[PDB]
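Just one chain is shown here, as structure tokens, and it is the form deposited in one PDB entry.
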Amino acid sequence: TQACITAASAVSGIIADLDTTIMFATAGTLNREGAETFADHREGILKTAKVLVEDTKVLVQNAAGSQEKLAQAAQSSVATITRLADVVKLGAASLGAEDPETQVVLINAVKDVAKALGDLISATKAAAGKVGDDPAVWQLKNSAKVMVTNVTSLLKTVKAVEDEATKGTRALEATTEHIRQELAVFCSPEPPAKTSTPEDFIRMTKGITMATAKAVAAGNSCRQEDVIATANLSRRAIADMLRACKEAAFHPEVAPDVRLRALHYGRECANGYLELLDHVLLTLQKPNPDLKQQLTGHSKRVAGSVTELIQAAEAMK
């Protein structure tokens, strides 16, 4: 009973503290710390949320029994919700001040958990030493279920957040695999489907310059939608370059040395591009000025291959 009253005051303070964070986020002022992303926080949030499910069962189990044991269950649960509140706050800030709507969704979800705990501890108080039949025992069982509805709703929100935060990343990863398959085909001993002209090869090679620019921009913006657009453009641009390269190089009128050079630098170009994309993926995970600046170097290395490719093309005609 005493622990329940002290627990209600503590939960009230926790909720009030989450309201403070909501206000920061609402004003567009809840900034990310350094180059943290949600990924830095998600594990601690999920782990702590699950301990809270154990704490729910313990509350229910201990309402009948010792005053001391009920007291212990209340105290334990409040420690857990305190931590959950604090880690969700830090996770919401990691989404960045440019995403205030999602920040507020996340904080509100844990605020809802806090309130449901307040109710649950209140129901355990109401049921303190009541017997099976008592309406208070029913009400405790019902409160504990609503508690878990709120906790699992938080966990579902956390999944939606992380899925939204990685939609481009996962698209970009799929693209690096598509490029690898394209390059394996390019390097294979089978001939191309047809021959093509040095001019077609040059135009497709020039497409790389554009796709490279797009990737560099996405790595600097860290906008998951730009990463998606980068994924799509990159897949097409590299596929097109490798196709035209091999089709142009295998044309009967091309000397074996000029072919050798074109094939060699087509691979060089694809690999340089994959290294740029791999850096974009690294940058997305720690989006600081440093990693973002390194995108330029990768782009130059790709550009160097583009130059070779274009000169190889010129030598074909």
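One rule holds for the numbers: they count along the sequence shown, beginning at 1. For the two forms, the rigid core is made up of the largest set of C-alpha atoms that agree within 1.5 Å on superposition.
As the entry records it, the average C-alpha temperature factor is higher for 59-67, out of 59-67 and 265-273. For the pair 131-139 and 222-230, the mean Cα B-factor is higher in 131-139. Of the candidates 88, 104, 151, 204, the PDB record gives 204 the highest C-alpha temperature factor. Highest CA B-factor among the listed residues (157, 169, 94, 82): 169. The deposited CA B-factor of residue 183 belongs to the highest third of values across its chain.
Per-chain ranking of the deposited C-alpha B factor places residue 98 in the highest third. Sort the modelled residues of the chain by CA B factor and residue 251 lands in the highest third. Ranked by C-alpha B-factor against the other modelled residues of its chain, residue 108 falls in the lowest third.
Looking at the C-alpha B-factors along this chain, the one for residue 176 belongs to the highest third.
If you look for the form solved in complex with a partner chain, you will not find it shown, but the lines that follow are about it.
The partner is absent here; in the deposited complex, the one residue of 286, 267, 57, 69 having a heavy atom within 4.5 Å of the partner chain is 57.
Taking 222, 165, 144, 202 one by one, only a single residue has any non-hydrogen atom within 4.5 Å of the partner chain in the deposited complex, and it is 144. Although the partner is absent from the chain shown here, 42, 50 and 159 each have a heavy atom within 4.5 Å of the partner chain in the deposited complex. The closest non-hydrogen atom of residue 148 lies within 4.5 Å of the partner chain in the deposited complex. In the deposited complex, the partner chain sits within 4.5 Å of a heavy atom of residue 46. Although the partner is absent here, residue 152 sits close enough that one of its heavy atoms falls within 4.5 Å of the partner chain in the deposited complex. Between 133-141, 207-215, 94-102, 166-174, the stretch whose residues reach within 4.5 angstroms of the partner chain in the deposited complex through a non-hydrogen atom is 133-141. Put simply, after the core is superposed between this form and the one not shown, 34 is the one residue in 289, 34, 256, 252 with a Cα shift of at least 2 angstroms. With the core superposed, residue 275 shows a C-alpha displacement below 2 Å between this form and the one not shown. Comparing the forms between this form and the one not shown, the C-alpha position of residue 96 differs by 2 angstroms or more, with the core used for superposition. Core-superposed comparison between this form and the one not shown: the Cα of residue 25 travels 2 Å or more.
Compared with the form shown, the residue 28-residue 286 C-alpha separation decreases in the deposited complex, the change being 3 Å or greater.
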